[PDB]
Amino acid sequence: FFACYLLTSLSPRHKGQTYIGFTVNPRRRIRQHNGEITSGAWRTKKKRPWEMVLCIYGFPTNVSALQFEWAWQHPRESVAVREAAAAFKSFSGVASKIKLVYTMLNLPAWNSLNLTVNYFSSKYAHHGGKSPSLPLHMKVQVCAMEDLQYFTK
């Protein structure tokens, strides 16, 4: 199981700030960012509580997921993403990070992969409706953390 994920902060001092990362265990990872586990969350610990908005999984290797993570975090450096990124009005906030990742899922670098977009709450799924449609073999679902965890094993 190799995933990239998106958080958003519910801290009033950082409200709406996002975090993008790579993980093999989303439940462990959100617990780390929120301090329920005391590892893995230097700096992000200060912006609690975080919500995990979504993750994308199905990458065939850790390396394939890490290539996607790096481009999502650095769309202006990525060869694959930069032309699409040159047309974006904003890179800030959940709405922009989701529009960007749906754009990425349509690029040749990733659009042949058998990927799933997992929203952890219906709260965020409408952003996908305002983003470019995904390649038709990809899956979009709303699945809470407690249910997806069994599929990560």
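The first residue of the shown sequence is 1; numbering continues from there.
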{"item": "Residue range whose averaged C-alpha B-factor is higher in the record, 92-100 or 59-67", "value": "59-67"}
{"item": "Higher-scoring stretch by recorded Cα B factor average, 139-147 or 12-20", "value": "139-147"}
{"item": "Residue with maximal Cα B-factor (values as given in the PDB entry) among 38, 106, 114, 118", "value": "38"}
{"item": "Third assignment of residue 1 from its chain's C-alpha B-factors", "value": "highest"}
{"item": "Third of the chain, ranked by Cα B-factor, where residue 29 sits", "value": "lowest"}
